[PDB]
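Chemist: take a look and give me a structure for this.
(2 chains, ligands or ions: 1)
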Amino acid sequence: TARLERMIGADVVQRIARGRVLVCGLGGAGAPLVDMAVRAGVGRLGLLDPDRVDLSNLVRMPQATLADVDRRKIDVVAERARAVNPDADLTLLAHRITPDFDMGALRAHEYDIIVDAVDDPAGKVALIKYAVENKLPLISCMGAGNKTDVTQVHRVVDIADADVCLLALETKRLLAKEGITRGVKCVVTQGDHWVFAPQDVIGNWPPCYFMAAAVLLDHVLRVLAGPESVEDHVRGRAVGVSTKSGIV
Amino acid sequence: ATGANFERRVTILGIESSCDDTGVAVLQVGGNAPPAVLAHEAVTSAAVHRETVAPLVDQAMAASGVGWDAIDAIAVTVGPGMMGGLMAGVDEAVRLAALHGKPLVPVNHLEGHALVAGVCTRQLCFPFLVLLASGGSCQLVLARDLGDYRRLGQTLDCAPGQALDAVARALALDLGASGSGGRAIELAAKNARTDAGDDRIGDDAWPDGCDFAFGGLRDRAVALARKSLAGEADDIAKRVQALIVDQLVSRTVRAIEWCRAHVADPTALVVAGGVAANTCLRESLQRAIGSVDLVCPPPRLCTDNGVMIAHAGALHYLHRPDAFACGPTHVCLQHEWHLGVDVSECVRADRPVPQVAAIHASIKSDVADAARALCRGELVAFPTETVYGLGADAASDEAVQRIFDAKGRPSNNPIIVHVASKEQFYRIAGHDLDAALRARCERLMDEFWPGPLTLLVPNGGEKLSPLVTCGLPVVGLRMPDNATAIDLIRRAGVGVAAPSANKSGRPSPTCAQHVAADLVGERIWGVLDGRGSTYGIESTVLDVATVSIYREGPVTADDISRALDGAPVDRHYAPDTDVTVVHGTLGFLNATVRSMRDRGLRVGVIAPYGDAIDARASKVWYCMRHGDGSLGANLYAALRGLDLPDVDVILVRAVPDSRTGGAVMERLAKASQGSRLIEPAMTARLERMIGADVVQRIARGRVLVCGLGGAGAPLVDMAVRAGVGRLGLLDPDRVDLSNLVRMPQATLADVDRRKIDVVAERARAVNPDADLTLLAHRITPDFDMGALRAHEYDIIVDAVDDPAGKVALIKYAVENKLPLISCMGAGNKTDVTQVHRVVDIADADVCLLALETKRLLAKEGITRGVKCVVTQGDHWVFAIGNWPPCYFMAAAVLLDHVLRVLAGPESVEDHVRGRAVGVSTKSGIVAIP
Ligand SMILES: [Mn+2]
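Modeler: Numbers count the residues shown, from 1 in each chain, chains lettered A, B, ... in the order given. You can find the structure just below:
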């Protein structure tokens, strides 16, 4: 990984490399985020998912193959990450996220940045509660299922301003019932979210999950570097800007 | 008659894998000598089991040193036990057998325990009783004959071992592991002192007897509360030990009295399991039983070790040397097998236990025995869908004449030969697929042949008896429907010529009992059990060549006329168990097994030995493809062998090839109105979101991803996973350490390898039926081959880093009116807020590489209507860096555009709007049907 160091300072490069991130719910915007992180140069990862991959999980994550069906999600994701970078520090957790288990929460506060991608809203609100109570830096992605639009993309806003997305509204209601309404960050589209018909649905327009993966990648890179406004780092490291015509 | 009374002093390799303890033995029996433990390697300390199964057998072979060629069996356990351990052991025994041509002997764990506790003991006659301990199967069985075990009693609630462990925990006197607690509790009996202490203490005892056979656990439940609060409770331990011994000996002597009353009296009191170390129990049993002698094996042969499996396999192989000849088939890995006939308290009390008259000498089941009888020419009577069959091997004049004499031979008549396979029919009719007209008979096979369809094939050679034919065309070779008949014919040779069982003037065969009565005095192998042969309405003759329908039956010419071709005229099978066909991959089968087992239903899976059900299938049947695989006959055999009342459902995985299993058997099984399960496709969520026809259209689409230095590789991943079919690549370069970030299809052990090849093999791995037409080649001036393939292909999306190649391809596309969208500027950008745009390049803002391409296209001559993907954000000069989010974002935008083009009218927007029943916009949730 040298083009990133060509872009941003090396100090930031080994700040990200000496970075620890925990990913919950590898059944959506998490596993592609895992690929992006391990290729960017991220070190410790905190994968946490008890399910096994399916063909729908095959279309979701890059770390999968028709020969990998029914294999544990964490196993496939970790082996692919190690293939990308043998020097990695992947950590298997399993640890289904029913609202009773909290040793994974012990490991969570042990970590640095917590990424939430739990497909179950109950698990999502449990993680948000735990992180808010322990003041941990948490990013709660509401996924990208049932979304269609691409002109407007996911942007990191507070849970107070969460809107439109059905999952975002459900998590907002659950958190307000629990008593927290502004502490946690979130990643929402603010775009059309079809409800479809009861058949269980899900959604999964293929570009939308990679939309979410890219946005989560960007936010994880923002928070993994020691707070410096990495835009400022590029400004002080690069030469041209090229907004209107080009500024040195 | 259990140690050694046979010739052929054989050495057997026993492997046991049912419980946590893994053991392998090389026992040797035979001649007139006691068995000798040549090697007894074992490990008690599943992934660990599968890891250790091979080192243990290898080390046992090394230590034995007798010879890997002297071993004549690989006898392994398939009886009750942990399912994963059973699969590992069986999958380790079958590997050895296949690699070294040794017959495989499946044995039962309980039978193994009984026989191992029967080892040594100088002489032990076979009429002996067993007291199987060490598990939740504390059973009283009587070994009337080898394989004739009758289960007199079984513990209804709990075993003595659990009670001893619970009492030890209550007293905290574990003192080791497993039976060590029981050893300590038995040691605690101090005779007079503990008896006086118990007399002083209150104690408690209330088993009150459980029916007559056996059973008790209330004493342990009372003892839990008795010893939870008390302190020094040596007297309580002595009391519970004495009460357990009293119950055991009482039920044992009751069973002995009952069996001596109504059946053959026992000659030993073999006790298995870990309770045999109980000195008090042994003394009480010896004092109580009297004439019958108590047999107690050493504890080394009680903790589920390989010696029992070796000895049981040895006894089975010696008893029936004709069986277990050379080939393993019917490898059924059960989880709850039991040990034979059940009688229990009431049937033991009344005494006779029903009755089977000597007239009813029908040898039910034992399909292998009937198959060998047919091979030797012995007459075998088996049931079919039509009249109860009675026949022998076709390629034997003596056998068919014997059949005729058995039924009296009123005449010869046309005699139908029953055949069950594709290969046997071809071989017996005319070989080499008969002629070019065989395309109709194969269709008849795949449509109706299992059942009452009588293909009057005109023969062509092979070997047929003159008596069976009674004409120039051979009589109507037919697949029967009764699964026993299909199994017998599959295990038979060329075919089975079974006219009928009609020795009397009025046949009325119907059930197996009636035909057995009609043939009380005969020289025949036996009669198989009747499974519903009462539907004797005959079949339909369907002469293949001149499609002529002779005397007809159930099938009727209407459905034989599926494609007309003229129809000149001159119920069905039903498994008792809920058979379910699983369509998809092995992963979906394992997921279905796990999920359905978690629902409480117990499952029986039918799969070839190559497959591997995960851990949770109750009974696993391995087809063991040996000859040429199911072909229907193996599938019927497996279905019959898993029709046990225990199993709730049977899962059969229909392979996508659907070539070996060519028959209507799977079609009939899947037609049970819910028995068919289809794995959700890779685009299952996509087909949920947009119509199936839309996803099919995307699949039929083509893409011409150019140089994959930029967003080409992620785009290829997205397209392949989304369902795109034909693709093309135009990047003749090799990956590098820096290139690793932009490639999702890359590993550190891939550097300097061709990028196009890596992407192609990853795409083929994700989708097998993915048509890739790798072009390679550099910018390729004049792109003649590239131009022709662009004509053949569809949207020609490019990510060429070289500005010249990009503009050359854009010029070609605009001059030839081909659909094009580019990406150009994707690196050196920082902000992800706006790095996504689909605009014509004439409208493109700074995106510096977009300006470069703009100038070059303006110099080329035309720039109005070519699409592009510009950032519209911040393009830092940096005196060619990248932001990892930005490349994947651009890949997502390119994927969106590709699927918009590959959709058609108004694309995914109107497609979902027609499909979806409601939209949650930025204001409210509007619903439109
Ligand atoms: Mn056992």
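
Chemist: how about the contacts made by residue A:165?
Modeler: A:142, A:147, A:188, A:189, A:190, A:193, B:920 (C-beta atoms under 8 Å, 6 or more residues apart in numbering or on different chains). The C-beta positions use only the backbone N, C-alpha and C, and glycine is treated the same way.

Chemist: state the next helix or strand along the chain beyond the host helix or strand of residue A:221.
Modeler: Here residue A:221, judged by DSSP states H and E, is contained in helix A:206-224. As assigned by DSSP H and E, the chain's next helix or strand after helix A:206-224 is helix A:230-237.

Chemist: can you list the buried residues in that following helix?
Modeler: A:230, A:233, A:234, A:237 (16 or more other C-beta atoms under 10 Å in any protein chain shown).

Chemist: does stretch A:218-236 reach chain B?
Modeler: Yes: under the criterion of C-beta under 8 Å from any C-beta of the partner chain, stretch A:218-236 makes contact with chain B via A:218, A:221, A:230, A:231, A:234.

Chemist: please apply the same query to stretch A:130-144.
Modeler: No: between stretch A:130-144 and chain B, judged by C-beta under 8 Å from any C-beta, nothing touches; the nearest distance is 10.1 Å.

Chemist: sorry, back to before: now the angle from the helix holding residue A:221 to helix B:692-700?
Modeler: 70 degrees (axes from the mean of the first three to the mean of the last three C-alpha atoms, to 10 degrees).

Chemist: mind listing what's buried in helix A:206-224?
Modeler: Under 16+ other C-beta under 10 Å, the buried positions of helix A:206-224 are A:206-224.

Chemist: by contact count, what packs against it?
Modeler: helix A:10-17, helix A:31-40, strand A:113-116, strand A:138-141, strand A:155-158, strand A:185-188, helix B:712-722, helix B:884-901 (3 or more C-beta pairs under 8 Å, 6 or more residues apart in numbering or on different chains; DSSP states H and E).

Chemist: could you dump the first one to CSV, C-alpha only?
Modeler: Provided in CSV are the C-alpha atoms of helix A:10-17 (Å, rounded to 0.1, in the frame of the first residue of the first chain):
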residue,chain,number,x,y,z
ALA,A,10,3.2,8.4,6.1
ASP,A,11,2.5,9.3,9.8
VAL,A,12,-1.2,8.8,8.9
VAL,A,13,-0.3,5.6,7.1
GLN,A,14,1.1,3.9,10.1
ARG,A,15,-1.6,5.6,12.3
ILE,A,16,-4.1,3.7,10.2
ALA,A,17,-1.9,0.6,10.2
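
Chemist: identify the residues contacting it?
Modeler: With C-beta under 8 Å, 6+ apart, helix A:10-17 has contacts from A:1, A:4-5, A:40-43, A:221, A:224-226, A:228, A:230, A:233.

Chemist: let's see it at 7 Å
Modeler: Residues outside helix A:10-17 that contact it (C-beta atoms under 7 Å, 6 or more residues apart in numbering or on different chains): A:4, A:5, A:40, A:41, A:42, A:43, A:221, A:224, A:225, A:226, A:230, A:233.

Chemist: mind picking the two most distant members of those residues?
Modeler: A:43 and A:233 (19.7 Å; C-beta to C-beta).

Chemist: surely residue A:172 and residue A:159 touch.
Modeler: Yes: between residue A:172 and residue A:159 there is a contact at 6.0 Å, judged by C-beta atoms under 7 Å.

Chemist: for chain B, state which of the residues of stretch A:218-236 next to chain B is nearest.
Modeler: Taking C-beta to the nearest C-beta as the measure, chain B lies nearest residue A:218 of these, at 4.1 Å.

Chemist: contacts only, for that closest one.
Modeler: Contacts of residue A:218 by C-beta under 7 Å, 6+ apart are B:832, B:885.

Chemist: what about 10 Å?
Modeler: A:36, A:154-156, A:187, A:230, B:830-833, B:835, B:883-886, B:888-889 (C-beta atoms under 10 Å, 6 or more residues apart in numbering or on different chains).

Chemist: same question for residue A:199.
Modeler: Contacts of residue A:199 (C-beta under 10 Å, 6+ apart): residue B:688.

Chemist: over to it: give its phi and psi.
Modeler: phi -130, psi -20 (degrees, to the nearest 10).

Chemist: one step back: and the contacts of residue A:165, which are buried?
Modeler: A:142, A:147, A:188, A:189, A:190, A:193, B:920.

Chemist: the third one contacts residue A:168, doesn't it?
Modeler: Read it as residue A:188. Yes: with contact defined as C-beta atoms under 10 Å, residue A:188 reaches residue A:168; the gap is 4.8 Å.

Chemist: shared neighbours of those two, anything?
Modeler: Common neighbours of residue A:188 and residue A:168 (C-beta under 10 Å, 6+ apart) are A:140, A:141, A:142, A:143, A:157, A:159, A:161, A:162.

Chemist: how much space between the closest residue to the fourth one other than its chain neighbours and chain B?
Modeler: Spelled out, that is residue A:143. Spatial nearest neighbour of residue A:143, chain neighbours left out: residue A:28 (4.7 Å); criterion: C-beta to C-beta, 6 or more residues apart in numbering or on different chains. Using C-beta to the nearest C-beta, to the nearest Å, residue A:28 is found at 11 Å from chain B.

Chemist: what's the answer for residue A:34, then?
Modeler: 11 Å.

Chemist: kindly report the same for residue A:40.
Modeler: 5 Å.

Chemist: which ones are touching that residue?
Modeler: A:1, A:4, A:13, A:16-17, A:19, A:85, A:217, A:220-221, A:224, B:740-741, B:883-885.

Chemist: cool, thanks, talk later.
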